[PDB]
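Residue numbers (full-length UniProt numbering), protein chains in the order written: chain A, 77 to 128; chain B, 5 to 193; chain C, 2 to 49, 67 to 842; chain D, 54 to 147.
Where a beta carbon is used, it is the ideal one built from N, C-alpha and C, also for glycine.
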RNA sequence: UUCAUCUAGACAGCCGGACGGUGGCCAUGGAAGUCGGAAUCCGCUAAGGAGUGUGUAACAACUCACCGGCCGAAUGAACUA
Ligand SMILES: CO[C@H]1[C@@H](O)[C@H](O)[C@H](OC[C@@]23C[C@@H]4[C@H](C)CC[C@H]4[C@@]4(C=O)C[C@@H]2C[C@H](C(C)C)[C@@]34C(=O)O)O[C@@H]1C
Ligand SMILES: Nc1nc2c(ncn2[C@@H]2O[C@H](COP(=O)(O)OP(=O)(O)O)[C@@H](O)[C@H]2O)c(=O)[nH]1
Ligand SMILES: [Mg+2]
């Protein structure tokens with residue numbers, strides 16, 4: 077059981093993110109830079125790898 | 005700014021020559037459908053859309069080629085373009101209010117009215133059965149072809165269309181999310 | 002309720018009252034343990067999820083002649099014997115599934131409401147319909163769809179409406195139109211509901227009965243108005259076929275209020291230990307409890323209440339007699355594709371007009387095991403005849419044709435036995451259309467085979483399976499001496515399993531092939547302690563390719579006698595595929611006439627009659643694809659040394675120079691023949707390590723590689739599953755040959771090419787790619803040429819080659835033609 | 054007639070076997086050409102063409118789905134040339 | 001420290017088009033704007049790239065550029081320390 081608007085909203089707060097390539101942390105997909113200072117606030121990021 | 009200045013001189017050319025015109029508005033339309041319109045009258049009704057370079061067409065209304073420009077500036081707002089002609093309007097008005105049909109259920113578009121459809125064998129082999137499974141609509145096999153069992157009123161008026169049900173409504177020849185392409189203002193001489 | 006052998010034998014005699022089907026479904030839907038409760042409530046008695071080696075539970079129940087007005091067949095009995103043979107759903111163990119279909123007329127399907135209609139359930143449903151068998155939609159585990167999920171009437175009916183239309187799609191596509199309209203409709207009273215682990219099960223028809231006049235009209239018309247677009251108005255007191263009132267408010271569908279509602283209220287009440295409401299409804303259903311029955315509360319509370327409400331074997335056997343088939347109606351147009359060749363033949367007609375007293379016909383698909391005197395019994399179904407304890411009848415082997423003799427053994431059975439659950443007991447007779455177990459034919463038959471009295475009978479349909487052996491493995495012993503026992507054990511595994519294909523290889527190993535790796539390790543397990551009885555030695559099947567040259571050996575290699583006298587110069591050229599292929603084909607034979615063999619090679623596969631007519635060898639063993647020709651003509655001792663030449667030729671062309679394998683499509687050319695005076699110095703005693711050492715150096719200067727074995731893997735599988743296949747073959751150099759499909763059935767039969775060294779677990783990755791939907795039937799095709807040059811350990815086969823020499827315990831890597839060469 | 058990438062419309066009426074060819078851009082570049090551009094290149098990649106053709110390729114544009122919605126002679130000067138790298142007609146289209 | 005277009009009507013923003021040839025030259029077991037090389041065109045207007053990506057086995061579908069609504073003055077891009 078999933079359904080369009082339902083499996084879509086679920087992903088919006090779990091898969092629809094951007095995995096930082098230095099600290100991995102979750103940022104808005106439509107991001108540009110990290111909000112953590114352990115990485116020196118890097119810009120190198122990559123959207124959270126999809127399912128195949 | 006290069007092409008902004010040349011657009012002025014060009015649209016200016018057709019307005020300075022012809023007798024009567026149409027400042028036609030249209031939000032919902034399709035590119036491919038749009039050029040079929042200009043081809044609907046490749047001569048008597050040549051279309052020409054506009055924007056803020058049309059806010060200057062009112063400052064070209066300040067240029068005033070003829071005093072009749074008063075009855076034109078109060079129609080600049082919305083996706084409104086042009087329609088140039090020199091033949092009787094009732095005849096060509098017939099064509100523009102005959103140049104109006106539209107698009108289907110673009111997964112997640114506006115759902116304003118009631119979604120009701122009858123129950124008779126669709127006429128195609130059992131294909132999108134996995135969708136009506138997680139969807140739950142009464143439909144049984146009648147000579148291989150999937151047959152509508154219930155007069156399913158799918159989605160209720162006023163919401164956001166779901167990806168799954170819109171695609172099967174496409175197979176049902178359901179096109180009600182747009183209906184565009186008319187006039188915004190009527191003007192002559 | 003059975004009494005005795007003869008009493009149970011007398012019910013059998015009536016084939017009109019013989020519901021012979023099988024139970025298939027999927028890995029964990031509750032079919033094996035649910036069939037356990039049906040027998041514990043209506044099985045058999047005469048005067049006394068992995069399906070781990072199953073048999074066929076018989077069983078028999080009671081009905082009425084009034085139930086008989088609804089069955090469209092020629093039945094006149096009321097006592098019915100239903101023989102259900104267990105058949106494991108799965109897919110990596112679907113061996114016994116194809117066997118059951120053929121040796122039965124009907125079949126039951128255990129679908130689910132929660133897990134629903136799975137991928138394998140969909141394709142296993144196809145095997146039964148592609149065989150012309152009838153349906154039984156049993157949506158079980160309904161207690162967890164209302165206990166550990168708990169839905170609404172209209173809404174749960176939609177999980178069931180899904181179960182309906184899902185099993186329904188396999189029907190209208192993966193079935194046969196000769197059966198008529200074999201599309202199971204819940205309302206038509208062809209769909210089963212229930213809970214197997216808690217002994218209760220009801221049917222659509224079951225409540226149409228406990229309602230008919232308690233409604234006002236016939237129960238037939240009413241139960242068809244119970245499912246679908248049908249609503250009752252608790253105000254107008256009428257039946258309106260609309261889901262709202264004269265105002266526009268919600269209605270609880272006719273189904274939801276009459277069947278569902280009661281169950282719904284009973285459900286909760288019993289599951290909520292509220293005996294303050296239990297008796298009230300317990301009364302509306304005429305249910306009584308006494309003593310230690312009411313000592314069980316909540317879960318166990320509903321367990322015994324609903325049993326006494328919805329009867330196990332009863333409800334499913336209600337639609338099994340008035341719907342599920344027997345030989346009478348089934349074989350009527352089942353026998354068409356139950357036999358090949360003459361369908362208008364009188365022996366196949368015996369099966370159409372089921373005559374136990376005519377052309378004796380029977381097909382043993384299984385071989386139920388019990389190690390005594392011989393080894394075990396056979397298991398077949400009689401299609402036209404009565405069997406006896408010592409009857410003399412013929413055997414149509416998988417080869418045998420009515421006009422020949424091979425695979426035809428006509429012997430008399432020592433004794434007959436009828437299957438009761440898992441064990442049997444000594445019977446003496448069984449007529450046309452009934453499944454029996456004939457023993458004493460073990461030490462004769464070669465697995466699945468026919469058994470007919472009439473010798474003019476053609477040949478039946480030899481299984482089907484739709485799987486084929488594709489899991490490859492090799493064996494040995496941890497202890498050298500117990501080696502012989504392990505080998506006679508593969509013979510035993512032959513006679514202990516169906517799809518298991520044990521064979522020998524070009525490695526000196528006993529190969530094992532099967533349905534799955536689980537399957538394999540399962541046969542391996544049942545073997546390791548039983549069939550074998552000793553520590554084996556399993557590992558991926560050792561592969562041997564072929565050491566072949568191609569770029570025409572440029573320089574002439576020099577190899578003279580060990581005294582240094584008789585020198586011969588050879589050049590290694592490539593023999594065309596269509597050419598070397600014909601040697602192994604039986605076209606260009608090593609015992610054929612040269613003038614006509616030269617006309618053949620010159621015109622059809624182009625060459626100059628000179629070297630064509632002057633051929634000498636067919637290495638190795640004079641049947642392989644290695645041909646030697648004499649480029650000379652002025653040799654004083656031509657064929658006076660031809661023998662010593664052909665001799666060392668095969669020995670060397672068999673045990674290879676690169677590492678140690680025979681060669682393929684290589685033409686050795688004896689450019690120059692330089693011999694000595696006296697013939698004594700001109701004997702094989704020199705010509706052997708001369709011609710051998712000649713091809714040795716000639717081989718390592720002919721620029722050779724390895725033409726290895728390629729598979730013609732036929733991956734017949736679903737359409738949207740095709741996505742996964744492309745990517746999987748896109749990896750293992752899968753060279754997809756063709757790709758055609760039947761417009762209607764989404765199943766796309768696809769053939770391709772796959773490297774032998776690229777398939778040690780290949781099947782596994784396919785099913786993981788798109789669910790157990792893909793189907794790999796790897797049938798080895800030909801030898802596809804590579805390109806890496808292994809004389810340097812960077813080449814793909816180069817690593818393989820040195821480790822093969824390292825394997826055999828040889829001279830390390832590849833020793834240069836200079837180490838074994840002759841000159842200044 | 055036509056090979057590489059198939060765009061053939063087929064309409065059916067229960068047993069009614071009838072087809073209507075849409076003649077893609079592939080079909081026109083080989084339709085006017087002679088035999089070595091019709092066959093003989095099974096084991097060969099098609100990459101040559103320049104020589105002048107003319108106006109009759111305007112009616113060949115009527116074979117390539119007329120849903121472009123504009124002028125005929127005008128759009129011919131586009132399709133054939135930039136996406137059509139064989140039989141360029143006038144070396145002015147790129 | 002440098003170039004745009006720039007209230008005339010901006011960019012960030014939300015609102016409507018993402019086209020024909022075209023399932024383009026080939027290339028394909030398969031490739032249709034998105035495995036791929038080579039071409040990078042004009043019919044039309046407000047505009048649409050043989051096309052920015054996702055995803056189809058490929059179709060389809062969504063989306064970006066381009067361009068129409070409104071928000072309505074800057075404020076975007078490129079670099080130094
Ligand atoms: C009907 O079942 C068939 C198919 O599964 C397929 O044709 C399979 O092929 C087996 C092999 C056949 C190859 C040719 C005939 C020449 C080389 C042979 C092999 C040796 O390496 C390659 C494949 C895999 C086997 C190696 C592992 C020893 C072969 C063999 O039988 O020796 O054979 C079985 C019996
Ligand atoms: N929740 C629930 N589980 C069930 C029910 N019936 C059987 N099972 C489970 O099914 C399992 C056995 O499945 P099996 O009979 O092996 O499935 P099969 O191989 O498809 O026939 C057991 O471990 C039970 O826990 C039921 O009615 N409800
Ligand atoms: Mg089981």
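Rounded to whole angstroms, what's the CA-CA distance from residue i to residue j? Just pull it up for me.
i	j	result
residue 424/C	residue 765/C	38 Å
residue 641/C	residue 700/C	27 Å
residue 22/C	residue 67/D	37 Å
residue 811/C	residue 832/C	10 Å
residue 210/C	residue 222/C	7 Å
residue 240/C	residue 271/C	14 Å
residue 226/C	residue 237/C	5 Å
residue 38/B	residue 105/D	35 Å
residue 25/B	residue 43/B	17 Å
Starting from residue i, trace the alpha helix (DSSP H) in both directions and tell me its first and last residue.
i	result
residue 669/C	660-672
residue 826/C	814-826
residue 365/C	364-370
residue 537/C	535-544
residue 301/C	296-302
residue 12/B	6-21
Between which two residues does the beta strand (DSSP E) holding residue i run?
i	result
residue 585/C	585-592
residue 191/B	189-191
residue 433/C	433-438
residue 32/C	Counting along the chain, residue 32/C falls outside any beta strand (DSSP E), and DSSP gives it neither H nor E.
residue 802/C	794-803
residue 97/A	Counting along the chain, residue 97/A falls outside any beta strand (DSSP E), and DSSP gives it neither H nor E.
residue 442/C	441-445
Can you list, in chain order, the residues of its chain with a C-beta nearer than 7 Å to that of residue i? Leave out the 5 residues immediately preceding and following it.
i	result
residue 12/C	18, 78, 97, 99
residue 770/C	731, 733, 747, 752, 753, 754, 755
residue 16/B	64
residue 283/C	299
residue 107/A	94, 121
residue 514/C	387, 549
residue 91/A	124
Since residue i contacts residue j with CB under 8 Å, what's their CB separation in whole angstroms?
i	j	result
residue 330/C	residue 218/C	7 Å
residue 114/B	residue 29/B	About 18 Å; that fails the 8 Å criterion.
Measuring alpha carbon to alpha carbon, tell me which of the options ends up nearest residue i.
i	options	result
residue 505/C	228/C, 703/C, 527/C, 808/C	527/C
residue 148/C	372/C, 192/C, 532/C, 172/C	192/C
residue 254/C	247/C, 104/C, 264/C, 246/C	264/C
residue 741/C	785/C, 544/C, 85/C	785/C
residue 70/C	543/C, 724/C, 126/C, 796/C	543/C
residue 440/C	414/C, 397/C, 775/C	397/C
Below 8 Å CB to CB, which residues in the same chain sit around residue i once its five sequence neighbours on both sides are set aside?
i	result
residue 503/C	550, 551, 552
residue 364/C	377
If I measure Cβ to Cβ from residue i and keep anything under 6 Å in the same chain, skipping five residues before and after, which residues do I get?
i	result
residue 348/C	123
residue 55/D	80
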